[PDB]
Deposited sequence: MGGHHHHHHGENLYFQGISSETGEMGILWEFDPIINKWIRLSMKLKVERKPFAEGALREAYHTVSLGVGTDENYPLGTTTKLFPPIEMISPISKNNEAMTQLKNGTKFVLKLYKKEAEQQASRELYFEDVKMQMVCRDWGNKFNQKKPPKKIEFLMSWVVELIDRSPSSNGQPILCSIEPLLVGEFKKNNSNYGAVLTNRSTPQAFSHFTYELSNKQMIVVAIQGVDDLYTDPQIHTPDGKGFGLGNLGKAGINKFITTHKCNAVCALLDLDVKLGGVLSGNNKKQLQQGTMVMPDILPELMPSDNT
């Protein structure tokens, strides 16, 4: 953590393999205006002023989210310390004018992204023609900012900066928006290999470095408000045509 000058944040990293959140602190400097926006969020260029521990910001005043038993007591090891080290340029995302964004939802979005990141590794283990990867994402509590009209602290999510032409390959409701095979085959892979317990769609990013994915599950629970359940899964099916990569992976037509 550097001096000076920016704003402090509590930084949360989820680690799927121990199934725990890792709580840290960082300092960051964010541009006043967004460089981009989509249906739900605005994105801002940001630079890291370093990552440190959470010692100064005691947890549990009580009523915790995430609850204490979901939090690692040790945080010495994490991705943030290298990927957001001092001087790193990265992206910060805020929900637009939010009504429906509870605290739990931000953590849901980050966890969802980490799950998708596991699916990417699993896809890559089949050695397809093009490997894929999902970016890290983290929750940040912007503790230096005045709480909202309702007294909630300001939350956001952050992720690495993608350099290149950002493209959306499918949506979370049936749209197939480019001719590329790998993104559609990856979505189908997740459906079949999960035994239809889930699907990853809204495959989008620069080349095969993806971010902002969306998972549908049949019960429609969790995975944020973009989880459209069976309906989302079925929409994907109606517009999906298998391609050579699906064939290479031996997926059912």
In sequence order, the deposited stretches missing their CA atoms are 1 to 17, 79, 116 to 117, 274 to 307
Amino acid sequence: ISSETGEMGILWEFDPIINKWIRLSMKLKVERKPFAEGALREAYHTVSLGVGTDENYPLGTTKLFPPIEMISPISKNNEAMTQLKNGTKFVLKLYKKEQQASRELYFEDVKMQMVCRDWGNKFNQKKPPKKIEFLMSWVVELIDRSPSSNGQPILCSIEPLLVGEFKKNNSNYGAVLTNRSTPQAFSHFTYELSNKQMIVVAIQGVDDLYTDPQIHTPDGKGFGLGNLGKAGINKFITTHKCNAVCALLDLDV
From here on, numbers count along this sequence of modelled residues.
Taking the mean of the C-alpha B-factors per stretch from the entry, tell me the winner out of 20 to 28 and 5 to 13.
5 to 13
Could you check the entry and say whether 191 to 199 or 205 to 213 has the higher mean CA B-factor?
205 to 213
Between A39, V51, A185, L228, which one tops the list for C-alpha B-factor in the PDB entry?
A39
Looking at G120, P160, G151, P73, which has the biggest Cα B factor in the entry?
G151
Would you please rank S137 by its C-alpha temperature factor against the other modelled residues of its chain and give the third it falls in: lowest, middle or highest?
lowest
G224: C-alpha B-factor third of its chain, per the entry, is the middle
Assigned third (lowest, middle, highest) for the C-alpha B factor of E108
lowest
Sort the modelled residues of this chain by their C-alpha B factor and say whether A80 lands in the lowest, middle or highest third.
middle
Among all modelled residues of this chain, ranked by Cα B factor, put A101 in the bottom, middle or top third, i.e. lowest, middle or highest.
highest
